[PDB]
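This one is an experimental structure. Sequence first:
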Amino acid sequence: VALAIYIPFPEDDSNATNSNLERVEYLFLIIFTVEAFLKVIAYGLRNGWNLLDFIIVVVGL
Amino acid sequence: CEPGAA
Amino acid sequence: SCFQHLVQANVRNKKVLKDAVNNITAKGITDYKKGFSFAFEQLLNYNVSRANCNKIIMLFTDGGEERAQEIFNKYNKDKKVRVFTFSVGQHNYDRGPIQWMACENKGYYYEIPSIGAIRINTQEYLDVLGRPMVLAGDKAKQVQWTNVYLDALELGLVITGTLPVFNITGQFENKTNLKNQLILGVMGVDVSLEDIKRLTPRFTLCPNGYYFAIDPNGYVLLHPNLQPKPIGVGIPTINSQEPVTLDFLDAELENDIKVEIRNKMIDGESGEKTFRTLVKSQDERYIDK
Amino acid sequence: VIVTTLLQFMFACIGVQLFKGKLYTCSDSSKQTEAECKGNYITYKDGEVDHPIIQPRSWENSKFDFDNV
Amino acid sequence: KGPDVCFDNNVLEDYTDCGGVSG
Amino acid sequence: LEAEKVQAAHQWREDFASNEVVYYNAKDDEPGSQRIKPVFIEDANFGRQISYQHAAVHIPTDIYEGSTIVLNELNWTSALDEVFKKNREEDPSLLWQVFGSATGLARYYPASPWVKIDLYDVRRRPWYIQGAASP
Amino acid sequence: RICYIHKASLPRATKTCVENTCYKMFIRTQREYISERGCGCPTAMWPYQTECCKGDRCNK
Ligand SMILES: *[C@@H]1O[C@H](CO)[C@@H](O[C@@H]2O[C@H](CO)[C@@H](O[C@@H]3O[C@H](CO)[C@@H](O[C@@H]4O[C@H](CO)[C@@H](O)[C@H](O)[C@H]4NC(C)=O)[C@H](O)[C@H]3NC(C)=O)[C@H](O)[C@H]2NC(C)=O)[C@H](O)[C@H]1NC(C)=O
Ligand SMILES: *[C@@H]1O[C@H](CO)[C@@H](O[C@@H]2O[C@H](CO)[C@@H](O[C@@H]3O[C@H](CO)[C@@H](O)[C@H](O)[C@H]3NC(C)=O)[C@H](O)[C@H]2NC(C)=O)[C@H](O)[C@H]1NC(C)=O
Ligand SMILES: *[C@@H]1O[C@H](CO)[C@@H](O[C@@H]2O[C@H](CO)[C@@H](O)[C@H](O)[C@H]2NC(C)=O)[C@H](O)[C@H]1NC(C)=O
Ligand SMILES: *[C@@H]1O[C@H](CO)[C@@H](O[C@@H]2O[C@H](CO)[C@@H](O)[C@H](O)[C@H]2NC(C)=O)[C@H](O)[C@H]1NC(C)=O
Ligand SMILES: *[C@@H]1O[C@H](CO)[C@@H](O)[C@H](O)[C@H]1NC(C)=O
């Protein structure tokens, strides 16, 4: 839903909502980082969708 | 005056 | 522009400002608080020449969500500076704060959707600006004479009188006052420059003598060097609408003494002066003393 | 086929009470009434302000309207 | 030298005639 | 004064078709408004075909001359022409006398035909803008 | 008073009327050709559009 709201602007413009969603998509990255940190030292990445989650997480950081 | 060129 | 203050709206100063707003590029985030802090601070100089009259700000945006109620409360809290807001273009942004800026600041909200509405919209800020003059009664009915300009119907160089007309229906009871704050129109009677020349006979003088008169601006009303052609603004390039405003100092050769006479004539004094000059010949090839 | 044409009639009936006469437009975008959309107006070729061309003003309905069923 | 007659800031002026609240 | 007093008794009309206003549209070689064919006489002072009987009316291209606002002016801006005449008769040297209305139409006297594309609007002329407001 | 009303748009025959509004029924795209003048201010079927006037033979 955060991505749905985000709305793009021509040539670097931005309103306040885009200046808040970029803050929210740091908690939304810390949550996934915390999730991915426990599974590796709990389940030893080859589950498929787990691999996809890992790629999106590392690209996010 | 007559115009120039550009 | 290259200007950093308020400059007079000449035909030359109005070309530098139309060759720079024809070159701007769009990039970056918008910030109304910084923008309106500049505008309210440029109409506070009083170091340079100013009209010291109607002080308007003419915002040209598309839309936004910032009201800037703080900037409009630090500078413009006595309602001295009007704010006219234009919402130009075809888009979907919230035109809410923009409508609020005009109302709270004694202005008007104008909309320019397409290129066809540009000519009818950017001429109605003279109906808002005419409200303080309509209510003034019969003390604003003063004949004003324009600068020398070429007539629309081809007639030569003319100057025009001016007297506004007031919507005064229902003035017996003075109860409506809903549309009576706008002028019905402005009149005018043209006085051709040739008519003025008949009142200054020159054939009792030698060819070196002549008459000339100037505005309270330096612009000549009649002069032997004033020709019925529009003045130039720069080098032309190929890839009646403007007045013929020719300054006195640019009609003949300029001296240090001639500046003194020009200032005295603008002030409204009387006097005489005798002084050797360099007068350019009619063929623009010789100069004598 | 009969079911499809019945649903066509149904959706036409709903759309009539939704776009009944609201799909009118003028050649000039600054006028929004048939009475006002009259006379002539200025049109600029390729959005160039230096090439004005006079066009008439016409209250034209959409190619595919919804006025009736 | 500019004109000495000026006309602005009158009290009995109806400022409530914008194009967003009255249109 | 005469443009103020006459406007105070216009008696705003709504259907200017049964009763038609007579005016000379300058930009010409329609129901609801009758035109006049003037006589015209080439004259000195001016240089065009001027007519000492009525005043022409210039309405911009993008203003429909049969709207209920334009037609409502042309009815009260018709007692002006009697003051356009007494002014000139007293002083024969009078040049163009024009009334630039806020609705875009200008009624100038003596009547004369207007001068490619036409883009004239009286509300933008320098003699009008300087009188509609202050510096 | 007089505006030609007919069913077949091609011949353009004349019929009397009583309404004080003469209309103009044309196609939405090819508007140069007038399909049906007449009297009154009727409803246009598809593909057609109507412009209504104030007097007789105003449509032209
Ligand atoms: C000088 O000022 C006076 C007032 O100070 C002004 O006279 C007034 O003119 C208006 C014309 O708009 C008259 O309005 C009457 O009442 C309503 C209100 O507008 C009209 O009905 C609708 O009007 C709107 C206008 O936006 C229009 O879009 C709408 O179509 C109209 N409704 C219909 C069904 O068509 C009436 O039509 C109108 N009366 C009549 C008989 O038509 C005011 O009554 C006038 N006030 C007075 C005191 O006479 C005058 O125009 C100003 N002069 C100039 C040159 O502008
Ligand atoms: C606005 O619209 C009309 C277009 O011409 C004009 O209506 C005219 O009103 C006049 C006065 O009401 C009429 O003149 C005569 O007035 C006397 C009163 O002294 C009465 O007898 C009648 O009312 C009237 N007729 C006769 C035969 O005496 C005009 O006849 C009438 N014109 C028309 C065509 O109906 C208005 O004058 C006009 N407003 C302005 C300022 O021109
Ligand atoms: C001209 O404007 C400036 C600011 O726009 C005024 O500011 C003064 O600047 C000079 C030197 O920078 C100093 O006098 C002071 O630091 C500033 N303030 C005052 C009150 O002088 C300046 O005063 C203006 N010049 C005038 C009024 O002659
Ligand atoms: C016209 O030319 C003369 C001569 O070249 C110039 O006037 C001289 O200017 C210099 C430099 O300011 C002075 O030192 C001389 O005294 C001037 N000569 C005079 C006053 O006779 C100047 O370019 C022009 N003269 C003007 C504008 O008065
Ligand atoms: C107008 O000017 C002329 C000469 O310019 C003068 O004789 C006359 O008295 C002035 N007034 C009138 C009303 O003609």
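Arrived safely, thanks for sending. Numbers count the residues shown, from 1 in each chain, chains lettered A, B, ... in the order given. Ligands and ions are numbered 1, 2, ... in the order given.

how about the helices of chain A, start to end?
Taking DSSP state H, the helices of chain A run over residues A:2-5, A:16-43, A:49-60.

If you count neighbours, what's buried in the first one?
In other words, helix A:2-5. Within helix A:2-5, no residue qualifies as buried by neighbour count (16 or more other CB atoms under 10 Å in any protein chain shown). Every residue, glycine included, has its C-beta placed from N, CA and C.

which strands and helices sit next to that helix?
helix A:16-43 (3 or more CB pairs under 8 Å, 6 or more residues apart in numbering or on different chains; DSSP states H and E).

Next, the buried residues of the helix it packs on.
By neighbour count on 16+ other CB under 10 Å, the buried set for helix A:16-43 is A:21, A:32, A:36.

Please give me every residue in contact with the first one.
If a contact means CB atoms under 8 Å, 6 or more residues apart in numbering or on different chains, then residue A:21 has A:2, A:5, A:6 as its contacts.

Pick the one among the buried residues of helix A:16-43 closest to chain B.
Distance to chain B across the buried residues of helix A:16-43 (CB to the nearest CB) is lowest for residue A:21, with 47.1 Å.

how far away is the closest one from residue A:36?
From residue A:21 across to residue A:36, the span is 22 Å (CB to CB, to the nearest Å).

Might one say that residue A:2 is in contact with residue A:25?
Yes. Using CB atoms under 8 Å, residue A:2 is in contact with residue A:25, at 6.3 Å.

Look at the closest residue to chain D within chain G and say how many residues are nearby.
The nearest approach of chain G to chain D comes at residue G:49, 5.0 Å away (CB to the nearest CB). Look at residue G:49: counted by other CB atoms under 10 Å in any protein chain shown, it has 22 neighbours.

Over to the one 4 residues further on?
Neighbours of residue G:53 under the rule other CB under 10 Å: 20.

Check residue G:55 too.
Count around residue G:55 with other CB under 10 Å applied: 15.

could I get the contacts of residue A:21 as JSON lines with distance to residue F:105?
JSON lines is the format used below for the contacts of residue A:21 (distance: CB to CB, whole Å):
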{"residue": "A:2", "distance to residue F:105": "57"}
{"residue": "A:5", "distance to residue F:105": "51"}
{"residue": "A:6", "distance to residue F:105": "52"}
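
what about the closest residue to ligand 2 within the stretch 151-289 of chain C, distance to residue C:8?
Nearest to ligand 2 in the stretch 151-289 of chain C, going by CB to the nearest ligand atom, is residue C:169, at a distance of 12.6 Å. Between residue C:169 and residue C:8 the computed distance is 39 Å (CB to CB).

which one of the two has more residues nearby?
Shown here are residue C:169 and residue C:8; by other CB under 10 Å, residue C:169 has more neighbours (17 against 13).

Please name the residues that touch that one.
C:176, C:180, F:7, F:8, F:9, F:10.

6 Å - rerun?
Taking CB atoms under 6 Å, 6 or more residues apart in numbering or on different chains, we find residue C:169 in contact with residue F:8.

How about residue A:31?
Counting by CB under 6 Å, 6+ apart, residue A:31 touches no other residue.

Would you check how far apart it and residue A:50 are?
16 Å.

excluding its backbone neighbours, what's nearest the residue in chain D positioned nearest to chain E?
Nearest residue of chain D to chain E: residue D:32, at 12.3 Å (CB to the nearest CB). Excluding its sequence neighbours, the residue lying closest to residue D:32 (CB to CB, 6 or more residues apart in numbering or on different chains) is residue D:26, at 7.2 Å.

Name the residue of chain C that lies nearest to chain D.
At 4.7 Å from chain D, residue C:117 is the closest residue in chain C, using CB to the nearest CB.

Hmm, I typed the wrong one, I wanted chain E.
Counting by CB to the nearest CB, chain E gets nearest chain D through residue E:23, at 12.3 Å.

again, but for chain A
Nearest residue of chain A to chain D (CB to the nearest CB) works out as residue A:10 at 17.8 Å.

What separation is there between the closest residue to that residue other than its chain neighbours and residue C:37?
Once flanking residues are discounted, residue A:10 sits nearest to residue C:26: 7.7 Å by CB to CB, 6+ apart. According to CB to CB, residue C:26 and residue C:37 sit 21 Å apart.

Mind checking which of the two has more residues around it?
A direct count of neighbours by other CB under 10 Å for residue C:26 and residue C:37 places residue C:37 higher, at 16 against 8.

which stretch of helix or strand covers that one?
According to DSSP states H and E, residue C:37 maps onto helix C:32-42.

ok, is that helix in contact with chain A or not?
No. Helix C:32-42 stays clear of chain A (CB under 6 Å from any CB of the partner chain), getting no nearer than 11.7 Å.

For residue C:68, grab the count of nearby residues.
For residue C:68, using other CB under 10 Å, the count is 18.

How about it: what's its closest non-neighbour residue?
residue C:32 (4.6 Å).

any idea how far stretch G:24-32 is from the chain center?
With CA atoms, centre = their mean, to the nearest Å as the basis, stretch G:24-32 stands 10 Å off its chain's centre.

Export only the CA atoms of that stretch, formatted as CSV.
Output in CSV follows, covering the C-alpha atoms of stretch G:24-32 (Å, rounded to 0.1, in the frame of the first residue of the first chain):
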residue,chain,number,x,y,z
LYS,G,24,-30.3,21.5,-37.4
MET,G,25,-29.6,17.8,-37.3
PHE,G,26,-26.2,16.8,-38.5
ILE,G,27,-23.8,13.9,-38.1
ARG,G,28,-21.3,14.1,-35.2
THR,G,29,-18.3,14.0,-37.5
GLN,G,30,-19.4,15.1,-41.0
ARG,G,31,-21.0,18.3,-39.9
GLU,G,32,-20.7,20.2,-43.3
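
and that stretch, which residues are buried?
Quick answer for stretch G:24-32 (16+ other CB under 10 Å): G:24, G:25, G:26, G:28.

does the last one really touch residue G:46, like I thought?
Spelled out, it's residue G:28. No. Counting by CB atoms under 6 Å, residue G:28 stays clear of residue G:46, with 8.5 Å between them.

In terms of helices and strands, where is the residue nearest to residue A:10?
Counting by DSSP H and E, residue C:26 is part of no helix or strand.

Distance of it relative to chain G?
Distance, residue C:26 to chain G, using CB to the nearest CB, to the nearest Å: 38 Å.

repeat for residue C:169
Distance, residue C:169 to chain G, by CB to the nearest CB: 27 Å.

does that residue count as helix, strand or coil?
Put simply, residue C:169 is coil when judged by DSSP: H, G, I helix; E, B strand; the rest coil.

just residue F:128 next, same as before
Assignment for residue F:128 (three-state DSSP): helix.

Tell me which residues touch it, please.
Residues counted as contacts of residue F:128 (CB under 6 Å, 6+ apart) are C:186, F:100, F:122.

Wait, the last one touches residue F:101, no?
If I follow you right, that is residue F:122. No. Here residue F:122 does not reach residue F:101: they are 7.4 Å apart, not a contact under CB under 6 Å.
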